[PDB]
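K.L.:
Questions regarding the structure given below will be posed in turn.
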Amino acid sequence: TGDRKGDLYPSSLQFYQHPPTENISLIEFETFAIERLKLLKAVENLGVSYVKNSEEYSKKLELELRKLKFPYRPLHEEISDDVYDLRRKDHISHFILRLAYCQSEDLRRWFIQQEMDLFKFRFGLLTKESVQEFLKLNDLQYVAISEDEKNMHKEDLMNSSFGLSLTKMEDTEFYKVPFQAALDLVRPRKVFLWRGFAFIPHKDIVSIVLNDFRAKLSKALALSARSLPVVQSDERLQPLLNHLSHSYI
Amino acid sequence: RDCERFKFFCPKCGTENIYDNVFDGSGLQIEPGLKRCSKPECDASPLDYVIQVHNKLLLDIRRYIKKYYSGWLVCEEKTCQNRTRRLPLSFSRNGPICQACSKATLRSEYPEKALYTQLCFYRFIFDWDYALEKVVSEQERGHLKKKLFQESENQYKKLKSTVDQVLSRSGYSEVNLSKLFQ
Amino acid sequence: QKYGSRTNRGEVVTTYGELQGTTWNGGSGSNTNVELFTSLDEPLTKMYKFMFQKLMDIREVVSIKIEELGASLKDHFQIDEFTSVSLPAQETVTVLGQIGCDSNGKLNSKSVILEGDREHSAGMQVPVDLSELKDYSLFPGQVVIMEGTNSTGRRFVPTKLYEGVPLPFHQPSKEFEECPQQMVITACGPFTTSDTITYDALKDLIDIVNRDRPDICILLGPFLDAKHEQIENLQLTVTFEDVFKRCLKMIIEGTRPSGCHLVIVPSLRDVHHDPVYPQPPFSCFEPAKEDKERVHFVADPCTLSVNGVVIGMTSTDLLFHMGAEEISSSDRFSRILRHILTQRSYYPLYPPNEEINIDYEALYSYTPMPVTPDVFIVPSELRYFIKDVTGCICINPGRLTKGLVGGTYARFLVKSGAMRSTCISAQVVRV
Amino acid sequence: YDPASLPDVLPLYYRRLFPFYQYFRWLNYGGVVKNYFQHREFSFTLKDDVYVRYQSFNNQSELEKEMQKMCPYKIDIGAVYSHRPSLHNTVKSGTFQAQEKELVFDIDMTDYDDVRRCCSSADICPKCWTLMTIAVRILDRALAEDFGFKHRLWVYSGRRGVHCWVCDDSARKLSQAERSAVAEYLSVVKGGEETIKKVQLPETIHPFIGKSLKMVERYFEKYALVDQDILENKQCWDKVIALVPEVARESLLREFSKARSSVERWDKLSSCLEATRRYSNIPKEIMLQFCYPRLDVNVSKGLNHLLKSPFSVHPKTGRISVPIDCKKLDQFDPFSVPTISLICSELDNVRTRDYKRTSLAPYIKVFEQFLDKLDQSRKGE
Ligand SMILES: [Zn+2]
Ligand SMILES: [Zn+2]
Ligand SMILES: [Zn+2]
């Protein structure tokens, strides 16, 4: 927090809910737009080439994020100025690309897909503590079963979660979710269902988070497409936004 | 491609130097344009007279701004080509209606995009970092990314600061994100 | 050489008002209150983004100018209805519009066209025939109301040209009733001789300021002229900003003994400043802590309040610009000054002269004259003068330097509520 | 039963036996949601296999009328749409959407053909019906314990199997994806006729699979070892041998040459597998492959699926699609189910109580109890 910083960027991951309000330069605008376009194209290429759970995918995506200087890893130090800068980048670039990727349904779908992929990766890199922090800052309020109920269903929980040891299981706390949100977990039978609720440990959760994210993002893109006439009049940003999808990187 | 290039007359020999890129030459013979005069017999380095280069840059920027604000309009009809400074209040859906023929639109002789591109070009011909990344090759980049050019780099940064300052005051160097995202 | 050996130093070349002694003395800005005239519209005090004008915006600004002035004049004259300029009129009709030239040259009596506003005429033009008008004075961009007939539907024939209506003067508050008379020394650039960059005339003027201790010193640009022979041919060994900074330091530091409020007005000929009109104030110089309250970097044009006295000032050569285009049936400068006052704008000429860059949104926002000023400083390449136009004292102090020879400045005394004689005395004096 | 006699009996039944009052109570769901019954899709199959859909009705009177008028051979219930199906032509394209429907399962004996020996195709017998008896318990328990669905109506399909209607308000608002998830969660026996090993359990037995195996075990000895005799001769036990690793197959064959009873052969197989540990679940995989229900995910996935209405008449057997009481499941007999001919003989042998004089009464009673439970849930909530 050097000169003009604040608590505007608490966590690395964000749902991109609040538009930026700053006054940036045209050079900064262009640099951020192109950089995030490179990041999203890299995400798409790696998704096509590799399996998203593969270690090659993770290594290459980390390399790209480091090369373009985007937030991808947490830091249990504090909000360092450099970190703040990176987060600001991410936040502005995203919305710029929204302006670029809301004109046509095709484009919209593409954008959504890439964004979801990136978000998933970043979630996959979050430590449990950080994960909870995130789940709190956005009022997702995911916790929580009692200890007594846990002992009540101890054996069921043990046989539900893959690769969970007795003592290690005793060291873990689950959450109760309606089964309509754990579709991806229930469908392959990797989480216990009791009386319409799934008991999810502290792998499937990302799915629910992503669902929420996707909903929000789709809505946002619709609104952006509804607010397009105000931007077309700005010649400075027309060559970029109207043709970003066809920009050599 | 339609922008005027930077013309600077050497104080010593008086020969015109046309600048259209940060760097001139190929391979290890590549050096910043303002390092040596275009006349082989002339040993004067324009980088020595950087105050004069700054003054000429400001004068050129003033010239282009004056050209833009002159507000010259030409009829788009080939058979009319009426040239006027006066903008009439009578407009069609496409713009001002030419008062000579009453059937064609008046177009700006020097539109805002022209001035913006001219200022961007003047920034381009002084963008050391951009030239190194995009324009310059690999071996040339290596030869230019050493010492013996740091002073030239600093002077080029100072000269680019002028065009950046001018562009910051153009509505066609600041983007108000509040107006975009609401 | 020629300037330094001049023999007419201190000669009073023009005088007006109450006779004063051979020596003028001021209060050193002791009981002086200088501010920008507090009107409804906010003043231009900072840079505005420019170089981006949409033709639609220019159309709207010009149209609303015509509409607003016509509305005020219609209320004043009790005119019933305005008629579209373009439509034919067999009987006499009243039409509101703005004057213009049918070609790119200079206006003449046979090349006058009237362009109506969007509200009453859809922006249509009509040629004007001035054969039936006995007396007239027209310049391009002049908003006029005329009674006339258009029998052929192709040529408007005015029969009456309504006179202009100047804004009312300012009614000063009693807060400054007990303040003494204030002395103002006004000078306009160029400040250096054509063949020098040493600012000798400026040094002489600063000596005069310290000698007479005026209450306000109004310095109008250019301070680093773009047309200076040294500037154009690139013979300067230092940057433009450095020369301007040196000049401003000279002015501010040299006036420390006088304690005089300095009002600096930029000029379109300032090679170091943004070339756009209305010109924002200078912002490249930070006065020391001991001169912050004395220096006022104002915009071109400026309406200043000095103990209740409203002074209008512009660096632009309005008289030269409009004299080249004004056509009259039969004092020319008085006519042009009255035109400026009645149009209620510091630059009513449209299209402008070739030497001024006009941003029309800023022109709309910052060129309306709030009231009719008590004093109107209008430096010009034309001859110096002190005229009384409709109760406003219009002062042209000339330029401090006229080529190789020294020029002139002006000194006047202003007191709110005097006698309407807000200008006690005024004099154009030689440097 | 004479199917040429079907066109003679159908009207009388639809006039004096079909329980319209309770039917409307069901599909109207206590009137809570407006247009709920009015937006329900029906489909009719008339004589000479003439199919009509997008049938909707204003209330019970209109339904009784148009049904008694058409005398359909088949009645299928479909989704509740955004508008009335009758006016689907009037609804702007894309604005006609199926919004709610019961969650339904169809279990059909024909899907068990590769694993039953007593009958084939559409033939059923008392020796194979126990499979249905298992399914209803295995599935319904899950639906009552894992998912918490509280209002579940099991109905005989008339010939080859059983349907289940899960009618909880939550179950009626489930999207297509949620339905597919529910179906896949309940589904274990995966594969077609080209696959031999259709169950491959992991090392960890998911609690649901443990409880399904527990339910299976209670019946397995009677169904598979006594009745089906899945180890009667070589032609059959060769299959079960084909379902286990080759390593012990030879060891088993000699043993199966010295066994006189299939119960003995099962004991021997269990002992041999236990002696041989990652294969400790192989007997469970065999039991599941012979006992676990098979579910057509296409039946339950789609919202727009038209399923046989309760109290329909089977075009071939003539039996009435009667509800099955869960408690008395072990006593259910698909061969004693009233046929339309029997209930018309009963009707012509003696207004709102005529059905109480036929053998149809206890099944309408079970349906009335189920509807009473639904009403209690609608009120209490
Ligand atoms: Zn040279
Ligand atoms: Zn034309
Ligand atoms: Zn059988």
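Residue numbers (the UniProt record's numbering), protein chains in the order written: chain A, 16 to 264; chain B, 1271 to 1452; chain C, 159 to 488, 493 to 581, 587 to 598; chain D, 6 to 281, 286 to 359, 379 to 409.
From the three backbone atoms N, C-alpha and C, an ideal C-beta is built for every residue, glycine too.
1) Using only Cβ atoms and a threshold of 6 Å, which residues come within that distance of a heavy atom of ligand 2? Order them by chain position.
2) Which ranges would you report for the beta strand (DSSP E) in the stretch 440-478 of chain C if only whole runs of at least 3 residues count?
3) Could you give the distance in angstroms between the alpha-carbon of residue 572 (chain C) and the alpha-carbon of residue 1281 (chain B)?
4) Check the Cβ of residue 283 (chain C) against every Cβ in chain B and list those closer than 9 Å, keeping chain order.
5) Checking contacts by CB at 9 Å: is residue 221 (chain C) closer than that to chain B?
6) Checking the sheet assignment: what are the DSSP bridge partners for residue 1302 (chain B)?
7) Does DSSP put residue 419 (chain C) in a helix, in a strand, or in coil?
8) Nearest by alpha-carbon distance to residue 1356 (chain B): which of C:469, C:540, C:261, C:432 is it?
9) Taking the Cβ atom as the reference point for each residue, do residue 325 (chain C) and residue 581 (chain C) lie within a distance shorter than 9 Å?
10) For residue 228 (chain A), name the three-state secondary structure that DSSP assigns.
11) From C:283, C:476, C:191, C:310, pick the residue whose C-alpha is nearest to that of residue 249 (chain C); which is it?
12) If contact means a Cβ-Cβ distance below 9 Å, which residues of the stretch 98-109 of chain A contact chain B?
13) For the stretch 170-204 of chain A, list the alpha helix (DSSP H) runs that are entirely contained and at least 4 residues long, ordered along the chain.
14) Leaving aside the five residues before and after residue 339 (chain C) along the sequence, list all residues of the same chain whose C-beta is less than 8 Å from its C-beta, in chain order.
15) When we look at the beta-carbon of residue 196 (chain A) and count the other beta-carbons within 10 Å, is it buried (16 or more) or exposed?
16) Count the other CB atoms, across all protein chains shown, that sit within 10 Å of the CB of residue 178 (chain A); report buried if there are 16 or more and exposed otherwise.
17) What in chain B is Cβ-close to residue 145 (chain A), meaning under 7 Å?
18) Would you say the beta carbon of residue 1282 (chain B) comes nearer than 8 Å to a heavy atom of ligand 1?
19) How would you label residue 181 (chain C), buried or exposed, when you count the other beta carbons within 10 angstroms and need 16 or more for buried?
20) Examine chain D for any beta-carbon lying closer than 9 Å to the beta-carbon of residue 70 (chain A), and answer yes or no.
21) Tell me, which residues are paired with residue 193 (chain C) by DSSP?
22) Count Cβ pairs between the stretch 183-195 of chain C and the stretch 458-465 of chain C that sit closer than 8 Å; are there 3 or more?
23) Residues in the stretch 1378-1393 of chain B with C-beta within 8 Å of chain C's C-beta atoms, listed in sequence order?
24) Return yes when the Cβ of residue 484 (chain C) is within less than 9 Å of the Cβ of residue 265 (chain C), no when it is not.
25) Could you work out which residues of chain C lie near residue 1328 (chain B), taking near to mean beta carbons separated by less than 8 Å?
26) Whose CA, out of A:194, A:22, A:45, lies closest to the CA of residue 253 (chain A)?
27) Run through the DSSP bridge pairs and tell me what residue 584 (chain C) is partnered with.
28) If you count every other CB in all the chains shown that lies within 10 Å of the CB of residue 1286 (chain B), and 16 or more means buried, which is it?
29) I'd like to confirm the pairing. Which residues does DSSP put opposite residue 169 (chain D) in its beta bridges?
30) Per the DSSP calculation, residue 318 (chain C) is bridged to which residue(s)?
31) Who are the near neighbours of residue 90 (chain A) in its chain, counting only those whose CB is closer than 7 Å to its CB and skipping five residues on each side?
32) Taking the alpha-carbon of residue 568 (chain C) as reference, which of C:529, C:411, C:353 has the nearest alpha-carbon?
33) At a CB-CB cut-off below 7 Å, which residues of chain A make contact with residue 1405 (chain B)?
34) Would you call the stretch 190-205 of chain D and the stretch 161-176 of chain D in contact, with 3 or more CB pairs under 8 Å?
35) Does the Cβ-Cβ distance between residue 254 (chain C) and residue 274 (chain C) come in under 9 Å?
36) Classify residue 20 (chain A) as helix, strand or coil using the three-state DSSP reduction.
P.N.:
Let me spell this out:
1) B:1345, B:1347, B:1350, B:1352, B:1368, B:1370, B:1371, B:1374
2) 453-455, 460-464, 467-471
3) 41 Å
4) 1358, 1359, 1360, 1369
5) yes
6) B:1293
7) Strand at residue 419 (chain C).
8) Cα-wise, what sits closest to residue 1356 (chain B) is C:261.
9) no
10) helix
11) C:310
12) 107
13) 181-185, 198-201
14) 575, 576, 577, 580, 591
15) buried
16) Classification for residue 178 (chain A): exposed.
17) Ordered by position in chain B, no residue passes the 7 Å Cβ test against residue 145 (chain A), which lies about 28 Å from the chain.
18) Yes, the Cβ of residue 1282 (chain B) comes within 8 Å of a heavy atom of ligand 1.
19) exposed
20) Answer no: the Cβ-Cβ gap between residue 70 (chain A) and chain D never drops below 9 Å.
21) C:463
22) Yes, the stretch 183-195 of chain C touches the stretch 458-465 of chain C.
23) 1378, 1382, 1385, 1386
24) yes
25) 398, 429, 430
26) A:45
27) The model of chain C omits the segment between 581 and 587, and residue 584 (chain C) is among the residues lacking coordinates.
28) exposed
29) Paired residue(s): D:110, D:159.
30) DSSP lists C:305 as partners of residue 318 (chain C).
31) 98
32) When each option's Cα is compared against that of residue 568 (chain C), the closest is C:353.
33) Ordered by position in chain A, no residue passes the 7 Å Cβ test against residue 1405 (chain B), which lies about 15 Å from the chain.
34) Because the criterion of three Cβ pairs below 8 Å is not met, the stretch 190-205 of chain D and the stretch 161-176 of chain D do not touch.
35) yes
36) coil
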